[PDB]
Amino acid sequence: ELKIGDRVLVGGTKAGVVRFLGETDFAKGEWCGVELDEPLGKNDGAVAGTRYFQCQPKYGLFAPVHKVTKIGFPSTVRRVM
(Lines of atoms letter the chains of each structure in order from A and count residues from 1; the text may use other names and numbers.)
(Lines give C-alpha, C1' and ligand atoms only; values in the text may rest on other atoms or scores of the structure.)
Protein backbone atom coordinates (compact mmCIF):
# COMPACT_ATOMS: atom_id res chain seq x y z
CA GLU A 1 0.00 0.00 0.00
CA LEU A 2 1.07 3.58 -0.64
CA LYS A 3 2.84 5.55 2.07
CA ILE A 4 3.99 9.14 2.35
CA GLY A 5 7.55 9.19 1.02
CA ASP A 6 7.06 6.53 -1.63
CA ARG A 7 8.48 6.97 -5.14
CA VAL A 8 5.65 6.74 -7.64
CA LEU A 9 4.37 7.30 -11.15
CA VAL A 10 1.17 9.24 -11.70
CA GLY A 11 -0.87 7.86 -14.62
CA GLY A 12 2.19 5.79 -15.52
CA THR A 13 3.81 8.92 -17.03
CA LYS A 14 5.16 11.33 -14.36
CA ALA A 15 7.56 10.38 -11.53
CA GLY A 16 7.48 11.88 -8.07
CA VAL A 17 7.16 11.34 -4.33
CA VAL A 18 4.04 10.96 -2.19
CA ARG A 19 3.75 14.05 0.01
CA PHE A 20 0.13 13.60 1.15
CA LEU A 21 -2.42 10.80 1.49
CA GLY A 22 -5.88 11.62 2.77
CA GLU A 23 -9.28 13.12 2.38
CA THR A 24 -9.74 16.41 0.53
CA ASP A 25 -12.29 19.19 0.10
CA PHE A 26 -12.49 18.80 -3.69
CA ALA A 27 -13.48 15.11 -4.06
CA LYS A 28 -14.60 11.97 -2.24
CA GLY A 29 -12.34 9.29 -0.77
CA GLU A 30 -8.58 9.20 -0.42
CA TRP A 31 -6.31 11.23 -2.66
CA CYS A 32 -2.59 11.09 -3.19
CA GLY A 33 -0.71 14.40 -3.32
CA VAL A 34 2.48 13.91 -5.31
CA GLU A 35 5.43 16.27 -5.78
CA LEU A 36 6.83 15.54 -9.24
CA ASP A 37 10.49 15.53 -10.25
CA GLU A 38 9.69 17.72 -13.26
CA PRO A 39 7.37 20.77 -13.56
CA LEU A 40 4.55 18.75 -15.16
CA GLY A 41 2.01 19.40 -12.40
CA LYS A 42 -0.80 21.85 -11.79
CA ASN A 43 -0.50 23.06 -8.19
CA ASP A 44 1.91 23.70 -5.30
CA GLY A 45 0.08 21.39 -2.85
CA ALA A 46 -3.06 23.50 -2.45
CA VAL A 47 -6.38 23.51 -4.34
CA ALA A 48 -9.12 26.14 -3.95
CA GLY A 49 -7.78 27.66 -0.73
CA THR A 50 -7.22 24.40 1.13
CA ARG A 51 -3.56 23.48 1.49
CA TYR A 52 -2.72 19.77 1.70
CA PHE A 53 1.09 20.06 1.44
CA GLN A 54 3.63 22.56 0.13
CA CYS A 55 5.91 22.17 -2.87
CA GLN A 56 7.28 24.28 -5.68
CA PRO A 57 4.65 25.67 -8.09
CA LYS A 58 3.98 23.40 -11.09
CA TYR A 59 5.36 20.33 -9.29
CA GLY A 60 2.22 19.27 -7.38
CA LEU A 61 -0.50 16.88 -8.58
CA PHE A 62 -3.34 15.10 -6.83
CA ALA A 63 -4.60 11.75 -8.03
CA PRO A 64 -6.78 8.92 -6.72
CA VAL A 65 -4.70 6.00 -5.48
CA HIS A 66 -5.81 3.93 -8.48
CA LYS A 67 -3.82 6.33 -10.70
CA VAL A 68 -0.64 6.13 -8.56
CA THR A 69 1.77 3.22 -8.66
CA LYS A 70 5.05 2.55 -6.94
CA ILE A 71 8.10 2.85 -9.20
CA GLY A 72 9.15 -0.61 -10.39
CA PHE A 73 5.63 -1.99 -10.74
CA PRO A 74 3.25 -2.00 -13.74
CA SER A 75 0.91 1.01 -13.78
CA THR A 76 -1.88 -0.92 -15.57
CA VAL A 77 -1.33 6.59 -23.93
CA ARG A 78 2.36 5.62 -23.83
CA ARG A 79 3.50 4.97 -20.25
CA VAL A 80 6.91 4.72 -18.61
CA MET A 81 5.89 1.42 -17.05
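We number the residues from 1 along the sequence you see.
The gap between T76 and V77 holds 4 to 9 unmodelled residues of the deposited sequence.
Across the two stretches, 30-38 and 46-54, the PDB entry reports the greater mean Cα temperature factor for 46-54.
Look at the mean CA B-factor for 65-73 and for 19-27 in the entry; the higher one is 65-73. Among the modelled residues of the chain, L2 sits in the highest third by CA temperature factor in this PDB entry.
Sort the modelled residues of the chain by CA B factor and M81 lands in the highest third.
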